[PDB]
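Novice: One structure, as structure tokens, below. Some questions next.
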Amino acid sequence: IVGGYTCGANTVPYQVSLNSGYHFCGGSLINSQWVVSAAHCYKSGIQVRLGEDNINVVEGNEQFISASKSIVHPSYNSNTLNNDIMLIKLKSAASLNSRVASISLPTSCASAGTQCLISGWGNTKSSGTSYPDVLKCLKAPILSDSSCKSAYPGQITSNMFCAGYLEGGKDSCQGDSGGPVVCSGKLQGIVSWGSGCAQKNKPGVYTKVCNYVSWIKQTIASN
Ligand SMILES: CCCCCC
Ligand SMILES: [Ca+2]
């Protein structure tokens with residue numbers, strides 16, 4: 001997260017870290033056995049780390065659980081990032097408590113202007129590289145589709161939305177992918193892509209979760 005702030009230990013209980021010997025993508029716990037992330041984060045040998053603050057130190061509250069199955073959306077397109085969503089089934093159910101909790105799926109889509117919380121352990125430098133040990137947070141409003149499509153002409157699909165600041169300085173970044181965009185206690189987006197990080201006139205693009213609520217429920221129900 002570029003231009004964000006330290007969330008504080010376990011203040012974002014639904015945030016997960018996708019680990020393969022290092023942190024590569026974020027995720028959101030939606031129930032005791034399922035995590036939602038980005039399709040472009042897919043990789044074999046994933047271990048889901050719950051209750052994390054400092055990802056480089058064991059401080060207590062962590063739960064390491066192996067991914068039992070990763071379901072990339074069948075219509076995911078790696079070139080356009082359309083349908084950039086993936087479900088991860090945990091080998092065993094997580095123990096829910098104060099430090100580890102699930103986030104709710106939206107009932108309706110969010111409107112332009114809705115303020116959301118974006119979090120992750122991604123790069124904190126727009127021009128350069130710096131990875132944090134602890135979880136960073138950022139408050140960002142959902143932008144209007146007109147401004148979004150104006151920023152990325154012909155690249156925004158009905159399954160994406162822009163969130164952030166057109167003046168730059170605050171945005172998600174590499175390493176934040178797959179992470180949650182929570183608005184009014186509802187998971188509205190998944191960190192997907194952007195042109196660089198915190199660049200002027202180049203907001204972050206996120207997977208529009210409200211379009212997939214039925215897909216999620218049906219897939220989970222049959223697996
Ligand atoms: C990282 C412990 C072994 C499985 C991959 C994290
Ligand atoms: Ca830790």
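Letters A, B, ... mark the chains of the structure tokens in the order given; residue numbers begin at 1 per chain; ligand numbers begin at 1, in order shown.
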Determine, for each residue of chain A having at least one atom at most 12 Å from an atom of ligand 2, the closest pair of atoms and their separation in Å to one decimal, counting only C-alpha atoms and all ligand atoms; order by chain and ascending number, as JSON lines.

Specialist:
{"residue": "A:9", "atom": "CA", "partner": "ligand 2", "partner_atom_place_in_ligand_line": "1 (Ca)", "distance": 9.9}
{"residue": "A:10", "atom": "CA", "partner": "ligand 2", "partner_atom_place_in_ligand_line": "1 (Ca)", "distance": 10.5}
{"residue": "A:16", "atom": "CA", "partner": "ligand 2", "partner_atom_place_in_ligand_line": "1 (Ca)", "distance": 11.2}
{"residue": "A:17", "atom": "CA", "partner": "ligand 2", "partner_atom_place_in_ligand_line": "1 (Ca)", "distance": 10.0}
{"residue": "A:19", "atom": "CA", "partner": "ligand 2", "partner_atom_place_in_ligand_line": "1 (Ca)", "distance": 11.8}
{"residue": "A:22", "atom": "CA", "partner": "ligand 2", "partner_atom_place_in_ligand_line": "1 (Ca)", "distance": 11.9}
{"residue": "A:23", "atom": "CA", "partner": "ligand 2", "partner_atom_place_in_ligand_line": "1 (Ca)", "distance": 11.2}
{"residue": "A:49", "atom": "CA", "partner": "ligand 2", "partner_atom_place_in_ligand_line": "1 (Ca)", "distance": 8.6}
{"residue": "A:50", "atom": "CA", "partner": "ligand 2", "partner_atom_place_in_ligand_line": "1 (Ca)", "distance": 9.0}
{"residue": "A:51", "atom": "CA", "partner": "ligand 2", "partner_atom_place_in_ligand_line": "1 (Ca)", "distance": 7.7}
{"residue": "A:52", "atom": "CA", "partner": "ligand 2", "partner_atom_place_in_ligand_line": "1 (Ca)", "distance": 4.9}
{"residue": "A:53", "atom": "CA", "partner": "ligand 2", "partner_atom_place_in_ligand_line": "1 (Ca)", "distance": 5.6}
{"residue": "A:54", "atom": "CA", "partner": "ligand 2", "partner_atom_place_in_ligand_line": "1 (Ca)", "distance": 4.4}
{"residue": "A:55", "atom": "CA", "partner": "ligand 2", "partner_atom_place_in_ligand_line": "1 (Ca)", "distance": 4.2}
{"residue": "A:56", "atom": "CA", "partner": "ligand 2", "partner_atom_place_in_ligand_line": "1 (Ca)", "distance": 5.6}
{"residue": "A:57", "atom": "CA", "partner": "ligand 2", "partner_atom_place_in_ligand_line": "1 (Ca)", "distance": 4.3}
{"residue": "A:58", "atom": "CA", "partner": "ligand 2", "partner_atom_place_in_ligand_line": "1 (Ca)", "distance": 4.1}
{"residue": "A:59", "atom": "CA", "partner": "ligand 2", "partner_atom_place_in_ligand_line": "1 (Ca)", "distance": 5.4}
{"residue": "A:60", "atom": "CA", "partner": "ligand 2", "partner_atom_place_in_ligand_line": "1 (Ca)", "distance": 7.1}
{"residue": "A:61", "atom": "CA", "partner": "ligand 2", "partner_atom_place_in_ligand_line": "1 (Ca)", "distance": 8.1}
{"residue": "A:62", "atom": "CA", "partner": "ligand 2", "partner_atom_place_in_ligand_line": "1 (Ca)", "distance": 6.3}
{"residue": "A:63", "atom": "CA", "partner": "ligand 2", "partner_atom_place_in_ligand_line": "1 (Ca)", "distance": 9.3}
{"residue": "A:64", "atom": "CA", "partner": "ligand 2", "partner_atom_place_in_ligand_line": "1 (Ca)", "distance": 10.1}
{"residue": "A:121", "atom": "CA", "partner": "ligand 2", "partner_atom_place_in_ligand_line": "1 (Ca)", "distance": 11.8}
{"residue": "A:133", "atom": "CA", "partner": "ligand 2", "partner_atom_place_in_ligand_line": "1 (Ca)", "distance": 8.7}
{"residue": "A:134", "atom": "CA", "partner": "ligand 2", "partner_atom_place_in_ligand_line": "1 (Ca)", "distance": 8.5}
{"residue": "A:135", "atom": "CA", "partner": "ligand 2", "partner_atom_place_in_ligand_line": "1 (Ca)", "distance": 10.3}

Novice: Taking only C-alpha atoms and all ligand atoms and a cut-off of 6 Å, can you tell me which residues surround ligand 1, written as a list in words?

Specialist: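 With only C-alpha atoms and all ligand atoms and a cut-off of 6 Å, ligand 1 is contacted by residues 19, 20, 21, 46 and 47 of chain A.
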
Novice: Neighbouring residues of residue 172 in chain A were defined as those with any atom within 7 Å, considering only C-alpha atoms; residues of the same chain fewer than 6 positions away were excluded. Please report them as a list in words.

Specialist: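 The neighbour list is residues 1, 2, 197 and 204 of chain A.
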
Novice: Any chance you could export the current selection's C-alpha atoms as a PDB file, in the first residue's frame?

Specialist:
ATOM      1  CA  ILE A   1       0.000   0.000   0.000  1.00  0.00           C
ATOM      2  CA  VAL A   2       1.432   3.355  -1.024  1.00  0.00           C
ATOM      3  CA  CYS A 197       1.306   2.473  -8.263  1.00  0.00           C
ATOM      4  CA  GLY A 204      -6.295   1.132  -8.952  1.00  0.00           C
TER       5      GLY A 204
END

Novice: Find the residues near residue 170 in chain A: any atom within 10 Å, counting only C-alpha atoms, skip ones fewer than 6 places away on the same chain, and give them as a ChimeraX atom specification.

Specialist: /A:1-4,124-126,138-140,164,197-200,203-204

Novice: Report, in Å to a single decimal, how far apart CA of residue 191 in chain A and CA of residue 166 in chain A are.

Specialist: 17.0 Å

Novice: Considering only C-alpha atoms, can you say which of A:82, A:146, A:66, A:75 comes closest to residue 193 in chain A?

Specialist: A:82

Novice: If I take CA of residue 72 in chain A and CA of residue 87 in chain A, how far is one from the other in Å, to one decimal?

Specialist: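 Interatomic distance here is 6.5 Å.
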
Novice: When you count only C-alpha atoms, which of these residues is closest to residue 105 in chain A: A:24, A:194, A:185, A:202?

Specialist: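 Residue with the minimum atom-to-atom distance to residue 105 in chain A: A:185.
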
Novice: When DSSP works through the backbone of this structure, what residues of range 150-217 of chain A end up as alpha helix (DSSP H), shown as a PyMOL selection string?

Specialist: chain A and resi 150-151+213-217

Novice: One decimal, in Å: what's the spacing between CA of residue 221 in chain A and CA of residue 34 in chain A?

Specialist: 11.2 Å

Novice: Report as number ranges by chain all protein, DNA and RNA residues lying within 8 Å of residue 83 in chain A, evaluated on only C-alpha atoms, omitting residues in the same chain fewer than 6 positions from it.

Specialist: A: 39, 73, 75-77, 159, 207

Novice: For the selection you just gave me, I'd like the residues written to a file as a compact mmCIF listing (two decimals), in the first residue's frame, keeping C-alpha atoms.

Specialist:
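This is the output file again.txt:
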# COMPACT_ATOMS: atom_id res chain seq x y z
CA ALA A 39 -7.17 -15.38 -10.17
CA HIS A 73 -12.93 -18.45 -12.33
CA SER A 75 -13.71 -17.28 -17.63
CA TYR A 76 -10.60 -15.61 -16.24
CA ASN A 77 -8.59 -13.95 -19.01
CA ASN A 159 -16.54 -6.70 -13.74
CA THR A 207 -12.57 -6.97 -9.26
